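*Asks:* Dumping the structure here so I can ask a few things about it.
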Amino acid sequence: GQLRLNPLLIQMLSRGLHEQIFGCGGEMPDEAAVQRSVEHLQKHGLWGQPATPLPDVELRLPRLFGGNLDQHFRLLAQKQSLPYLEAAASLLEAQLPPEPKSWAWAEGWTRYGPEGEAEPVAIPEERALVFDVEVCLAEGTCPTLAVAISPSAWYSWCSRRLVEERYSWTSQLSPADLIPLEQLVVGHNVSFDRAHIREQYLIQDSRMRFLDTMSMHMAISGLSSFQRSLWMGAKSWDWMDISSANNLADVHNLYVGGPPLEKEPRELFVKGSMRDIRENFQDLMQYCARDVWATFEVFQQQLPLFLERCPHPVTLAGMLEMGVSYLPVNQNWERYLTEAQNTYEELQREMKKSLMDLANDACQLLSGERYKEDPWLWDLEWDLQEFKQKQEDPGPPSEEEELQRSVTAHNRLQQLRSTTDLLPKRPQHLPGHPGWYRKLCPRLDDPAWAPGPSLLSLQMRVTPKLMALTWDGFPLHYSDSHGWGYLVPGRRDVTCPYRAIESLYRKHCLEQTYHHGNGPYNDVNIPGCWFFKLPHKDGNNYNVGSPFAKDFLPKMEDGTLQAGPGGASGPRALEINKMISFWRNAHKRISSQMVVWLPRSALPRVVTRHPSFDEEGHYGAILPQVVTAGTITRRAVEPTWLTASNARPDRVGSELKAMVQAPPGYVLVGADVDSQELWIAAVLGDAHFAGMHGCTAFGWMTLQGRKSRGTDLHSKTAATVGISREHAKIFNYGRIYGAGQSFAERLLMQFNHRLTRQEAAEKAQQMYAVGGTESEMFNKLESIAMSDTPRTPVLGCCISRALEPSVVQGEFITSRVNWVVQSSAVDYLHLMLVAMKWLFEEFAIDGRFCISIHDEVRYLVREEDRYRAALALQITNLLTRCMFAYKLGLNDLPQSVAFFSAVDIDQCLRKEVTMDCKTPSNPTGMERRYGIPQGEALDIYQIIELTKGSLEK
Amino acid sequence: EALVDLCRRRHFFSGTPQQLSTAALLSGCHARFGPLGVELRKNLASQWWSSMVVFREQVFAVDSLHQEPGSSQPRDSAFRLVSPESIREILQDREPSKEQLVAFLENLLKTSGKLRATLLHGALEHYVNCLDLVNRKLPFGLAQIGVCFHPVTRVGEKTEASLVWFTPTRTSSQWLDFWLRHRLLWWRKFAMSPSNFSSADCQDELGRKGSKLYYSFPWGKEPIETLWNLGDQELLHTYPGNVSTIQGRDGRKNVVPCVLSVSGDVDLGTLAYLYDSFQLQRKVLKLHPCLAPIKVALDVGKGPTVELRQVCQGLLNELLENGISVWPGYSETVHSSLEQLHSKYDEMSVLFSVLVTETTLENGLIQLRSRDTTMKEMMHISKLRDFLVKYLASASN
Amino acid sequence: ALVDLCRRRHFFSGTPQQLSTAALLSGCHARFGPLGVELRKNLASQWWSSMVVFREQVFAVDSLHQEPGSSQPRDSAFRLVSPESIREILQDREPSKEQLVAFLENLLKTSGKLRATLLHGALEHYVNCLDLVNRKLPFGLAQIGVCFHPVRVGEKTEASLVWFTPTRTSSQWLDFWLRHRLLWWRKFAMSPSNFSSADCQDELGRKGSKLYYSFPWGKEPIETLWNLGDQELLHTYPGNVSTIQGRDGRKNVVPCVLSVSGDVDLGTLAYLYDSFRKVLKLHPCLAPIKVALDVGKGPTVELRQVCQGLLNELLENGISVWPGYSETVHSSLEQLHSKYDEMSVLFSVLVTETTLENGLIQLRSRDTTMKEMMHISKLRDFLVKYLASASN
DNA sequence: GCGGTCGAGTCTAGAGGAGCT
DNA sequence: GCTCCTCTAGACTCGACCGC
Ligand SMILES: Nc1ccn([C@H]2C[C@H](O)[C@@H](COP(=O)(O)OP(=O)(O)OP(=O)(O)O)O2)c(=O)n1
Ligand SMILES: [Ca+2]
Ligand SMILES: [Ca+2]
């Protein structure tokens, strides 16, 4: 048969695939290791449990070059990284004449040979270059000038906008309005410079790859967040001499030293305008040349060191493949932006109207001095300034009578007009209204006067009082010595109406000294109440200044920060604030994405000849400015795209990922790894304990747990102590990353404020103590972290020089234990990219890498090759899992993690094909007003049937 | 207290309690508005007219008859117009036969005019005139506010504000979406609770796409406005013959325009706005200042009454000349306490209350009370009109 | 011909067969174009203001177009019959001669009826409005609506005021209303002598007055006044009397009813005839188009932004403006002036290169036919002043 | 001669980033 | 574990024109 098992009864890979990947023969498991694993599982009650076997999979994999799987990947990476490493070595060995004396001014690229002789060229016509792009921010996103160096001669380029004296150009950009350019393009933060290249926006892929000196610096001598903070503050500390920030000046000082670079105080591109840039063209070109030469020196001093710390070519090939991200967009992106902005403005107006209504209704408490009994508006200024001073039906009137009555009424009205002199020349500002209401209303003399309390806003200290916000049934209160907070009634020691607080809390408790929190704070001395501060993220010492901050949205969604009385417009304002938080915090980034629309001529023949194609539509591409190694863990960082945000039914603009739509004739093929980091930790523990999958309790639970049934790690952790899944997921991921007991205690206190510090400490200790489920996995992480040169256990990538124990002694261990897992994940991504590119090139599959968000991989594959692409994704996943097992000493692979659960084939980048992505900005849905049918999610069995079990067409 | 009772007492609704039920109000078979309700509906219609015609390019007024030519449609329920004289003649002049009476009844369904159910047909008949007015250019539109009759037996009357938008099919969808968004914004502009105005897409029996606005009444949602994306079939049916006269210039080409039908219900809209105003505390109707039937209320106390009434009459004449609705509460013979008068003005959605006391004859100061804040501000008479005009202008824009 | 000139300018609509005097006076077809509709709306607004806003104890009334309907034979108003009933009669049980007779009788006996006058509409709201005014007589009810009269059904838009008064003061109020209506009709006419009044007597001997406009074919009644007494109020309210008694000082009395009804369609036709090189000198408060915006000599974008702003300016102020700059056809200046004269445009605005240079816009007055320069900032104030002046 | 609003000055909390323009 | 920055916003404070 095709079924293989394990001494722990875990289904292993099928014979057909096992003989192709791991070969034949194998090795008999050791009796002692199996006995120890059985005893360990029996002690935790994880032995003998039933497990339904999965259907066997048989497939003819492509010829694996070399002996083992490792040699196959090495050959693939060396073949992929040969033409770029050749150009890199040519740059290293290149000799370059000094900078030209006077730069040219004509449009297009200019070649500067010996003695600074100018010569125009359409394109550099060179294999390798070092790039640096300057763009006039005021004018737009179009690049202004660019200076590049070549082993042959210097080059420079200036846009037509800078040279030509033409008037303002069109807003929409075109590939013809970009810098023209196998090829290698090097630079510092080259992701930015990549977006200004003409050939980088074509749907068809050109053989161009980018090496970012910032990513290599982070891979060689990167700095953590705490390390970055310490380095910035200063400029045990022996690591500061070997590390630097991502700035080009700091990198140049660290790697080459010498005269440090000085940033130009003129800042013509950042702050100035086109005229200033034109005036100081020579100085700007000199600064750009200085930056280019510094980048060249940094690359020369980094490339041999990077190749020595990362000898496996798979890492380099993956870093080259992470920098070619291509997000296709269409005319729907502009719609999305306009709808989101309009919805945000409408909801802001509605919230402002609700606040004004609350303020207007609050004034009625003045009558009878009822404001003294209001729990919120008792302490405000309710003074009022006095004003200042310096029969039977008669018949119808006749014409003369009505005329004389009208004229005498007019004259009597006009007589009182002479009393203007008796009025003060400086009129009072709403004396009848109370004191606090006068501030919220503009004066009648103001040219921008609006009716009612038009100056009221969320950020003021009266909005929480007007909304009657309560924290766990306690009205909010602002103390100047302690910021915000809340009052807890029941104490027995204008006067605050503590009886009103007691009545409100009784109502809240019945309808839904006895409280723990930030502290009673008896210094405030509010009669009949105590003053507990609102829990701030920074700590108890800090004081909150606004209960509407972004750190209170989870606290108000839980039903703790609720709007009390005035429920008509009260909770509506809070709901609106919750709805528009994402757009408020990220509208600047989303609306500033550099969108370039391709002409119909540049589009491939497949797109134009498709039934779904529209002649009036515009298809563009957004190139993410992803730093391929933005952290010490070498994971790509991008605030806008590389995030965990997903479309929500109560968030404005949350469907931005759904707007990345494949062009006609192409489809987006994607796949998400199921618990990548958890599986990596589990397999590390298994290889450390007994050399077989499932020997550790953590690995056995990972392989056998299922979210649906309720055996997964997150669900069990949530059920152990009663927390939400997402909170339990955060807890478990932090624990795997290496978070101590203090992190667990603070997370427990933050998620549930009712937990005291002692109870949180006890619960954290119980959870960490579980001789435990993950002990061997951790012992392995500590061993790897504490080694002389901590290297990845798969590709052998060395850790940052700023984290080596030779320069940090016994410090920075929590960083290294997380670095091990995250760098293993990054190596997994690299292997995935290398294998996918090899499969695409070998079997002639038309597609390109789209994006890699977290643990997801997206490919813009032609539609006709969508199933072939899915089969390729399954094969690459199998190969990567087998390589990971092989590098750890395990020549086998469990069947449960061998293949993807679902390889998505969709027209957009939604998280799941079944989701419709309804949001206050797009309430109808993606299919309703855009034309996006639901995609297809296929398992390996479904893919095999539709591909005949082969990759050839 | 129920809102309907408050409206009836303050003359926003009219009728017996049998006519104040939800079904009676929704049917429209009876006059359901008092003078304050009539003024509120007039203000709403004026706002709609301004927004949809005055501030919009190439939208023109059209007038249509209440009667339409008779039709032999299979299931038309529109009521027929029959001359009683002809019936009396037939029945008491020559004593016809049973077949003659059958034929006469058949003729009542073949030549008798029918009351219009929608304003769409009226605008289509004036399509050629508006084409000539705009030199056959596109896109133009026709707007009309009128009474449409709907079967309920009884006949129900509802006031409809209809915009018929002619545009080429290439821009039909974008125009439909823009009109839907504009109508939603217009309905939510005067709403104290804009979240109660909804929108949903609907399809007819013939498969045409369109939207339909809703308002969340306490009993449930009701369709207050409907949008339909009608093809060229309506124009072809209304003009059976040469197509040259139907084609409109879409720039450099002649295209038969695609008809968009935007139909609102201003009676149900006024009911919705009266429900939105009441909170559902001081009983107060928080109607928008652009919709409040009465904006200024005058009063007189602690005489001499002759001089105070003369001054109040002068102020009333000054306010009326500027387009401000004023309620002359000083002329009322029966006097009530200021508390009851303030409650009455608040329940009548009166924006401001002006009290002219005997001290006004000396310095010209008057007591101004606002509905929103219930606060009294001492203001000089010469500055009242300018303040009211500025307040109304700011509340409009 | 005035009729052709109004038809070509969108004041009058309809086929040439519907442009006859009988067709125009019958009201069987929509006789007004968009400019005619705007002029009629302006006239209705003037009537409403002068009779309600500037009047004491006059209130709005909204009434149905259908009446409960009754057997009374003299009635000639068209009836309302459900077609479904007739279809059921003719395509089902197939009744006989007697049953058809009974069905026809039931149509006249119990069915709806189209209104012929707005008098009955206000009488149904008499109690509610009496309670509104605390039963203080006198008070009136005004309404502008369409009434149906047999000629085919003719539609006429009638502005009617029902003035409730004690019996003793009926004649004085009737004479006051007559003189007020005559002054209002003569106010907007360049030839007030064409409007006239003549006493008339009803069939039941009730005294009244009528207002006539001297059309080129003869005199037509544009407004009619009656002294109806308490007959109509008692007819509409049988039974108890204490519920229809107003207050006349200390004593209570059933108020007399005065019917002030005018035809605003015939009034619009009369004013169009009075307004008549072909020039229509409509009253400034009645003119549908007051401001005409024009460009000249280029450039296009800047001048259109100029004229565009001058237009939002005059629309926010409340002044109707004809956007003559957006026209693709580049007609001659004299042709534009003649067309604006025909369309009764109050003032024409010309925007040229000098406007971009200095800011002056040439203003042409229809009445004097003279061209004058004026700054942009002073155009709105001048227009508002001119409109205020005319209105008084 | 003196106090009433008004205009900066400052102090502080939140927010975005720790790159390239 | 937990620095820095530049920034916007809000509110308290105090000197100061100016009108009574
Ligand atoms: N609390 C978490 C959760 C996830 N991740 C990271 C690791 C994953 O590779 C990636 C995607 O994880 P998801 O949360 O999307 O999915 P999980 O892997 O957690 O699986 P599940 O959601 O079923 O628990 O994000 C993390 O750092 N911390
Ligand atoms: Ca750069
Ligand atoms: Ca996943």
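Order determines the names: the first chain of the structure tokens is A, the second B, and so forth; residues in each chain are numbered 1 upward, and ligands are numbered 1 upward as they are shown.
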Identify, counting only C-alpha atoms (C1' of nucleotides) and all ligand atoms, the protein, DNA and RNA residues located within 9 Å of ligand 2, and give them as a PyMOL selection string.
*Replies:* (chain A and resi 131-134+187-194+291-292) or (chain D and resi 19-21)
*Asks:* Convert the current residue selection to file output with N, CA and C atoms (P, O5', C5', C4', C3', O3' and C1' of nucleotides), as a CSV table (one decimal), in the first residue's frame.
*Replies:*
chain,number,residue,atom,x,y,z
A,131,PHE,N,21.8,52.8,-7.8
A,131,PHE,CA,20.8,53.7,-8.1
A,131,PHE,C,20.4,54.6,-6.9
A,132,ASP,N,19.9,55.8,-7.2
A,132,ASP,CA,19.5,56.8,-6.2
A,132,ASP,C,18.6,57.8,-7.0
A,133,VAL,N,17.3,57.9,-6.5
A,133,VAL,CA,16.3,58.6,-7.2
A,133,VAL,C,15.8,59.8,-6.4
A,134,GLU,N,15.8,61.0,-7.0
A,134,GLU,CA,15.3,62.2,-6.3
A,134,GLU,C,14.0,62.6,-7.0
A,187,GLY,N,21.1,49.8,-4.4
A,187,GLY,CA,20.9,51.1,-3.7
A,187,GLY,C,20.5,50.9,-2.3
A,188,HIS,N,20.4,52.1,-1.6
A,188,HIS,CA,19.9,52.1,-0.2
A,188,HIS,C,18.5,52.4,-0.2
A,189,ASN,N,17.7,51.6,0.5
A,189,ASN,CA,16.2,51.6,0.4
A,189,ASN,C,15.8,51.6,-1.0
A,190,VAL,N,16.3,50.6,-1.8
A,190,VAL,CA,16.1,50.5,-3.2
A,190,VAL,C,14.6,50.2,-3.6
A,191,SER,N,13.8,49.8,-2.6
A,191,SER,CA,12.4,49.6,-2.9
A,191,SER,C,11.7,50.9,-3.4
A,192,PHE,N,12.1,52.0,-2.8
A,192,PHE,CA,11.6,53.3,-3.2
A,192,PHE,C,12.1,53.6,-4.6
A,193,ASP,N,13.4,53.4,-4.9
A,193,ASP,CA,14.0,53.7,-6.2
A,193,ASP,C,13.5,52.7,-7.3
A,194,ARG,N,13.0,51.5,-6.9
A,194,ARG,CA,12.5,50.6,-7.8
A,194,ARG,C,11.1,51.1,-8.4
A,291,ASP,N,25.8,60.4,-2.2
A,291,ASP,CA,25.0,59.3,-1.7
A,291,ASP,C,25.2,58.0,-2.5
A,292,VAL,N,25.3,58.2,-3.8
A,292,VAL,CA,25.6,57.0,-4.6
A,292,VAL,C,26.9,56.4,-4.3
D,19,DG,P,16.3,54.5,10.6
D,19,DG,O5',15.7,54.7,9.1
D,19,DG,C5',16.4,55.4,8.1
D,19,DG,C4',16.1,54.8,6.7
D,19,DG,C3',16.1,55.8,5.6
D,19,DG,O3',17.3,55.8,4.9
D,19,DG,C1',14.1,54.4,5.5
D,20,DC,P,17.9,57.2,4.4
D,20,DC,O5',17.3,57.4,3.0
D,20,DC,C5',17.4,56.4,2.0
D,20,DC,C4',16.2,56.5,1.0
D,20,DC,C3',16.1,57.8,0.3
D,20,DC,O3',16.7,57.8,-1.0
D,20,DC,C1',14.0,56.9,1.0
D,21,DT,P,16.9,59.1,-1.8
D,21,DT,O5',15.5,59.7,-2.1
D,21,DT,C5',15.2,61.1,-2.1
D,21,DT,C4',13.8,61.4,-2.5
D,21,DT,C3',13.4,62.9,-2.5
D,21,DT,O3',13.6,63.4,-3.8
D,21,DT,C1',11.8,61.7,-1.2
*Asks:* Run DSSP on the backbone of this structure and report the residues of stretch 662-834 of chain A it assigns to helix (DSSP H, G or I), as a ChimeraX atom specification.
*Replies:* /A:676-689,697-704,713-721,725-737,741-751,757-769,775-785,801-803,805-808,814-834
*Asks:* Considering only C-alpha atoms, state which residue in the set A:14, A:332, A:608, A:406 is at the smallest distance from chain C.
*Replies:*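 Checking each of A:14, A:332, A:608, A:406 against chain C, counting only C-alpha atoms, the winner is A:406.
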*Asks:* Distance limit 12 Å, atoms considered: only C-alpha atoms. Which chain C residues sit that close to chain A? Return them as a PyMOL selection string.
*Replies:* chain C and resi 54-56+136-139+164-180+183+246-253+255
*Asks:* Got time to write the residues from that selection, N, CA, C and O atoms, as a tab-separated table (two decimals), in the first residue's frame?
*Replies:*
chain	number	residue	atom	x	y	z
C	54	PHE	N	-48.42	88.36	4.10
C	54	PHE	CA	-48.73	89.74	4.45
C	54	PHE	C	-50.18	89.93	4.87
C	54	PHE	O	-50.70	91.05	4.80
C	55	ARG	N	-50.85	88.85	5.29
C	55	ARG	CA	-52.24	88.91	5.71
C	55	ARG	C	-52.38	88.28	7.09
C	55	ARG	O	-51.60	87.40	7.47
C	56	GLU	N	-53.39	88.73	7.83
C	56	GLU	CA	-53.60	88.30	9.20
C	56	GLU	C	-54.59	87.15	9.25
C	56	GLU	O	-55.67	87.22	8.65
C	136	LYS	N	-61.23	82.56	17.02
C	136	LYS	CA	-61.30	83.99	16.85
C	136	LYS	C	-61.57	84.37	15.43
C	136	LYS	O	-60.70	84.25	14.57
C	137	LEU	N	-62.78	84.82	15.16
C	137	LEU	CA	-63.12	85.32	13.84
C	137	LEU	C	-62.60	86.74	13.67
C	137	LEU	O	-62.45	87.48	14.65
C	138	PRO	N	-62.31	87.16	12.43
C	138	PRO	CA	-62.35	86.40	11.18
C	138	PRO	C	-61.04	85.65	10.90
C	138	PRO	O	-59.99	86.00	11.42
C	139	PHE	N	-61.10	84.61	10.07
C	139	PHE	CA	-59.90	83.93	9.60
C	139	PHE	C	-60.20	83.30	8.25
C	139	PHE	O	-61.36	83.01	7.92
C	164	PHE	N	-63.84	83.44	6.34
C	164	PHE	CA	-64.95	83.30	7.28
C	164	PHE	C	-65.09	84.58	8.11
C	164	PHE	O	-64.12	85.04	8.72
C	165	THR	N	-66.30	85.14	8.12
C	165	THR	CA	-66.58	86.39	8.81
C	165	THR	C	-67.95	86.32	9.46
C	165	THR	O	-68.80	85.53	9.05
C	166	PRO	N	-68.18	87.15	10.48
C	166	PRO	CA	-69.55	87.34	10.97
C	166	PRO	C	-70.42	87.98	9.89
C	166	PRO	O	-69.93	88.64	8.97
C	167	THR	N	-71.73	87.76	10.02
C	167	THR	CA	-72.66	88.16	8.97
C	167	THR	C	-72.66	89.67	8.75
C	167	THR	O	-72.78	90.14	7.61
C	168	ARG	N	-72.53	90.45	9.83
C	168	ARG	CA	-72.68	91.90	9.71
C	168	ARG	C	-71.59	92.52	8.85
C	168	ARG	O	-71.86	93.44	8.07
C	169	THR	N	-70.35	92.03	8.96
C	169	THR	CA	-69.21	92.62	8.28
C	169	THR	C	-68.90	91.94	6.95
C	169	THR	O	-67.75	92.00	6.49
C	170	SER	N	-69.89	91.30	6.32
C	170	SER	CA	-69.63	90.59	5.07
C	170	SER	C	-69.32	91.56	3.93
C	170	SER	O	-68.36	91.36	3.18
C	171	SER	N	-70.14	92.61	3.78
C	171	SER	CA	-69.99	93.51	2.64
C	171	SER	C	-68.67	94.27	2.68
C	171	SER	O	-68.01	94.42	1.65
C	172	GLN	N	-68.28	94.76	3.86
C	172	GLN	CA	-67.03	95.51	3.97
C	172	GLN	C	-65.83	94.64	3.64
C	172	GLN	O	-64.92	95.06	2.92
C	173	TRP	N	-65.81	93.41	4.17
C	173	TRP	CA	-64.71	92.50	3.86
C	173	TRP	C	-64.70	92.14	2.38
C	173	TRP	O	-63.63	92.04	1.77
C	174	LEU	N	-65.88	91.93	1.79
C	174	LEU	CA	-65.93	91.62	0.36
C	174	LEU	C	-65.37	92.77	-0.47
C	174	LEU	O	-64.60	92.54	-1.41
C	175	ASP	N	-65.74	94.01	-0.14
C	175	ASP	CA	-65.22	95.16	-0.88
C	175	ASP	C	-63.72	95.33	-0.67
C	175	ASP	O	-62.99	95.65	-1.62
C	176	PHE	N	-63.24	95.12	0.56
C	176	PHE	CA	-61.81	95.21	0.83
C	176	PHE	C	-61.04	94.17	0.02
C	176	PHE	O	-60.00	94.48	-0.58
C	177	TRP	N	-61.54	92.93	-0.01
C	177	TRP	CA	-60.89	91.89	-0.79
C	177	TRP	C	-60.93	92.21	-2.28
C	177	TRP	O	-59.97	91.96	-3.00
C	178	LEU	N	-62.05	92.76	-2.75
C	178	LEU	CA	-62.15	93.14	-4.16
C	178	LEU	C	-61.10	94.18	-4.52
C	178	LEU	O	-60.39	94.04	-5.53
C	179	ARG	N	-60.97	95.22	-3.70
C	179	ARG	CA	-60.00	96.27	-4.02
C	179	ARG	C	-58.57	95.75	-3.91
C	179	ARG	O	-57.72	96.10	-4.73
C	180	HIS	N	-58.31	94.90	-2.92
C	180	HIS	CA	-56.98	94.30	-2.76
C	180	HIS	C	-56.61	93.42	-3.93
C	180	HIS	O	-55.47	93.44	-4.39
C	183	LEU	N	-55.92	95.66	-6.99
C	183	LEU	CA	-54.59	96.27	-6.88
C	183	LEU	C	-53.49	95.25	-7.15
C	183	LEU	O	-52.50	95.56	-7.82
C	246	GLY	N	-68.04	80.44	15.54
C	246	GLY	CA	-66.90	81.24	15.91
C	246	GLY	C	-67.25	82.26	16.97
C	246	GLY	O	-68.38	82.33	17.47
C	247	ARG	N	-66.26	83.07	17.33
C	247	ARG	CA	-66.43	84.10	18.35
C	247	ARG	C	-66.33	85.47	17.69
C	247	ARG	O	-65.34	85.78	17.02
C	248	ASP	N	-67.37	86.28	17.87
C	248	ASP	CA	-67.40	87.67	17.43
C	248	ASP	C	-67.57	88.51	18.70
C	248	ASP	O	-68.69	88.85	19.09
C	249	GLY	N	-66.45	88.83	19.34
C	249	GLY	CA	-66.53	89.48	20.64
C	249	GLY	C	-67.08	88.52	21.67
C	249	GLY	O	-66.64	87.36	21.78
C	250	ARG	N	-68.06	88.98	22.44
C	250	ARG	CA	-68.69	88.13	23.45
C	250	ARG	C	-69.65	87.13	22.81
C	250	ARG	O	-69.73	85.98	23.26
C	251	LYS	N	-70.37	87.55	21.78
C	251	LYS	CA	-71.40	86.71	21.18
C	251	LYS	C	-70.80	85.73	20.17
C	251	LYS	O	-69.86	86.06	19.44
C	252	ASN	N	-71.35	84.52	20.15
C	252	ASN	CA	-70.97	83.52	19.17
C	252	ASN	C	-71.93	83.54	17.99
C	252	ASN	O	-73.11	83.87	18.13
C	253	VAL	N	-71.41	83.19	16.81
C	253	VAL	CA	-72.20	83.23	15.58
C	253	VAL	C	-71.57	82.27	14.59
C	253	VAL	O	-70.35	82.07	14.58
C	255	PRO	N	-70.13	81.70	11.20
C	255	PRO	CA	-69.54	82.71	10.32
C	255	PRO	C	-70.07	82.61	8.90
C	255	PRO	O	-70.37	81.53	8.38
*Asks:* Could you build a table of the residues in stretch 169-239 of chain C lying no more than 12 Å from stretch 117-134 of chain C, giving for each the nearest pair of atoms and their separation in Å rounded to one decimal place, using only C-alpha atoms, ordered by chain and ascending residue number, as a Markdown table?
*Replies:*
| residue | atom | partner | partner_atom | distance |
| --- | --- | --- | --- | --- |
| C:224 | CA | C:117 | CA | 11.8 |
| C:225 | CA | C:119 | CA | 11.7 |
| C:226 | CA | C:119 | CA | 11.0 |
| C:228 | CA | C:119 | CA | 10.4 |
| C:230 | CA | C:123 | CA | 11.1 |
| C:231 | CA | C:123 | CA | 11.5 |
| C:232 | CA | C:123 | CA | 8.1 |
| C:233 | CA | C:123 | CA | 6.7 |
| C:234 | CA | C:123 | CA | 10.0 |
| C:235 | CA | C:123 | CA | 9.9 |
| C:236 | CA | C:123 | CA | 7.1 |
| C:237 | CA | C:124 | CA | 8.7 |
*Asks:* Quick check: residues of chain E within 9 Å of chain A, only C-alpha atoms (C1' of nucleotides), returned as a ChimeraX atom specification.
*Replies:* /E:1-4,9-10,19-20
*Asks:* Counting only C-alpha atoms, collect the residues of chain C whose closest atom lies at most 7 Å from chain B, and write them out as a list in words.
*Replies:*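 The contacting residues on chain C are residues 29, 30, 33, 34, 37, 59, 60, 61, 62, 63, 64, 76, 78, 79, 80, 81, 82, 83, 84, 86, 96, 97, 100 and 108 of chain C.
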*Asks:* List as a list in words the protein and nucleic acid residues near residue E:15, meaning an atom at most 12 Å away when only C-alpha atoms (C1' of nucleotides) are counted, but skip any in the same chain fewer than 6 places from it.
*Replies:*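 The residues satisfying every condition are residues 6, 7, 8 and 9 of chain D.
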*Asks:* Could you save those same residues with N, CA and C atoms (P, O5', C5', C4', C3', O3' and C1' of nucleotides) as a PDB file, in the first residue's frame?
*Replies:*
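To be explicit, this is the file written out as out.pdb:
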ATOM      1  P    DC D   6     -12.751  88.637  23.077  1.00  0.00           P
ATOM      2  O5'  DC D   6     -11.206  88.731  22.676  1.00  0.00           O
ATOM      3  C5'  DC D   6     -10.589  90.004  22.523  1.00  0.00           C
ATOM      4  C4'  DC D   6      -9.098  89.858  22.274  1.00  0.00           C
ATOM      5  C3'  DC D   6      -8.679  88.538  21.628  1.00  0.00           C
ATOM      6  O3'  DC D   6      -7.607  88.769  20.729  1.00  0.00           O
ATOM      7  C1'  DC D   6      -7.544  88.794  23.654  1.00  0.00           C
ATOM      8  P    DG D   7      -7.624  88.121  19.260  1.00  0.00           P
ATOM      9  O5'  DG D   7      -6.075  87.933  18.908  1.00  0.00           O
ATOM     10  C5'  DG D   7      -5.146  88.972  19.198  1.00  0.00           C
ATOM     11  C4'  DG D   7      -3.892  88.403  19.837  1.00  0.00           C
ATOM     12  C3'  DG D   7      -3.575  86.971  19.438  1.00  0.00           C
ATOM     13  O3'  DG D   7      -2.688  86.975  18.303  1.00  0.00           O
ATOM     14  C1'  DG D   7      -3.255  87.353  21.816  1.00  0.00           C
ATOM     15  P    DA D   8      -1.694  85.743  18.006  1.00  0.00           P
ATOM     16  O5'  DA D   8      -0.460  86.009  18.990  1.00  0.00           O
ATOM     17  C5'  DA D   8       0.516  85.004  19.208  1.00  0.00           C
ATOM     18  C4'  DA D   8       1.475  85.430  20.305  1.00  0.00           C
ATOM     19  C3'  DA D   8       2.541  84.408  20.656  1.00  0.00           C
ATOM     20  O3'  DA D   8       3.685  85.063  21.188  1.00  0.00           O
ATOM     21  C1'  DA D   8       1.004  84.604  22.454  1.00  0.00           C
ATOM     22  P    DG D   9       5.114  84.331  21.172  1.00  0.00           P
ATOM     23  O5'  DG D   9       5.129  83.492  22.535  1.00  0.00           O
ATOM     24  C5'  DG D   9       4.904  84.151  23.777  1.00  0.00           C
ATOM     25  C4'  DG D   9       5.159  83.209  24.941  1.00  0.00           C
ATOM     26  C3'  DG D   9       5.934  81.942  24.589  1.00  0.00           C
ATOM     27  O3'  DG D   9       6.900  81.670  25.597  1.00  0.00           O
ATOM     28  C1'  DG D   9       3.815  81.366  25.520  1.00  0.00           C
TER      29       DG D   9
END
